[PDB]
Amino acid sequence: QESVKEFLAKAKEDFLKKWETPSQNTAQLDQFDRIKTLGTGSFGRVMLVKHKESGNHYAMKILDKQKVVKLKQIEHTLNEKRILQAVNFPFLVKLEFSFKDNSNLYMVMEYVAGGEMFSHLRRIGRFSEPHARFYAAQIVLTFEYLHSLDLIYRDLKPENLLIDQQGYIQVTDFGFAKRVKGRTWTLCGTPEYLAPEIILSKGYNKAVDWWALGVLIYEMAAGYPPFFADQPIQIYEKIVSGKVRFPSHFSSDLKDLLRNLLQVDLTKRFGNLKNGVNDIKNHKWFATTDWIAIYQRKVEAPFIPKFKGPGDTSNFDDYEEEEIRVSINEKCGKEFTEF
């Protein structure tokens, strides 16, 4: 069953072509009517918009060029767009258009109306193992794909995982995604999901994404993360210790998988070994998982959000709106030339 090797090989050729000669200026602001904010993160906002000529809705990520510079995220933003436009996988949100003006950078993605896994997770409390397993399999295949292209995601979390109309995951936010061979050192990500090697400024690799998968699986199944506190600094102390505790309801299989993902020793962490991703795929916790079926989206979703219209946002919280300004003077022109 190594058509996956051939699959990845062709997938790589496809990626490299686009990574080599990226798409640019495929749209403009006036082609959309801005409706409402869907969510916000460290910087910029994501708005639900309607494309005039087609009538389709999209999620427009808006980035203030001046804020990007202030926060020293230039390179990261260029990575985000360059990578987004080049990738293609069933569980990666699609970048439909991208462009820029005097003040901002815009990345228009396909609108995923189901909302964040985060909201559903907090609301319901926690997911059953089969439910969590369903989502986990999708991330596993996603990281196998990304990693095969020398990409590190670095921002795994329920907040960046959207549920589509069929109940499948759509990964968003490549703000910290990077294409790297070897190690890297940036201190980035979300505190609760940081692998110990990131916190210890030792330098790290793809293995950090596998640690984050452990954190994700734990949080979905438990309802709360494996390492939490009121301040990030206290969180790092707990992560570094490595001492983890599992809820009484955790199956023996789940705990064994988690002990292998939330593994401080890189020579022992699953996903980072000789057999690589297959150590995870072949794990007992994933025994009932039909990997091909998952990739083909032929498995029945355990949860299908309520669909009330093409531009319905009932699955997202409401946010304080603010005018999208555009200066008559070009800002940071040289810095974002390739965007």
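C-alpha atoms forming the largest set that superposes within 1.5 Å between two forms make up the rigid core. Each residue number is its position in the shown sequence, starting from 1.
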**Fill in**
Comparing 165-173 with 72-80, larger root-mean-square C-alpha distance from this form in 5 other deposited structures of this protein, core superposed, belongs to 72-80
**Message:** Root mean square C-alpha distance from this form after a core fit in 5 other deposited structures of this protein: higher for 99-107 or for 206-214?
**Reply:** 99-107
**Asked** Among the other PDB entries compared that flank it on both sides, is residue 56 unmodelled in a third or more?
**Response** no
**Message:** Would you say residue 289 is commonly dropped, meaning unmodelled in a third or more of the other compared entries that have residues on each side of it?
**Reply:** no
**Prompt:** Averaged over C-alpha atoms, is the B-factor higher for 321-329 or for 14-22 in this PDB entry?
**Reply:** 321-329
**Item:** Higher-B stretch (mean Cα B-factor, as the entry records it), 256-264 or 231-239
**Value:** 231-239
**Prompt:** Which of these, 141, 200, 194, 78, has its C-alpha atom at the highest B-factor, as the entry lists it?
**Reply:** 200
**Prompt:** Going by the deposited entry, which of 119, 190, 85, 165 has the highest CA temperature factor?
**Reply:** 165
**Request:** Could you tell me which third, lowest, middle or highest, the C-alpha B-factor of residue 286 occupies within its chain?
**Result:** middle
**Entry-reported Cα temperature factor of residue 90, expressed as the chain third it lands in** = middle
**Ranked C-alpha temperature factor of residue 294 among modelled chain residues, by third** = middle
**Message:** Which third, lowest, middle or highest, does the C-alpha temperature factor of residue 158 belong to within its own chain?
**Reply:** lowest
**Request:** Consider only the C-alpha atoms of the modelled residues in this chain, order them by B-factor as the entry records it, and name the third containing residue 182: lowest, middle or highest.
**Result:** highest
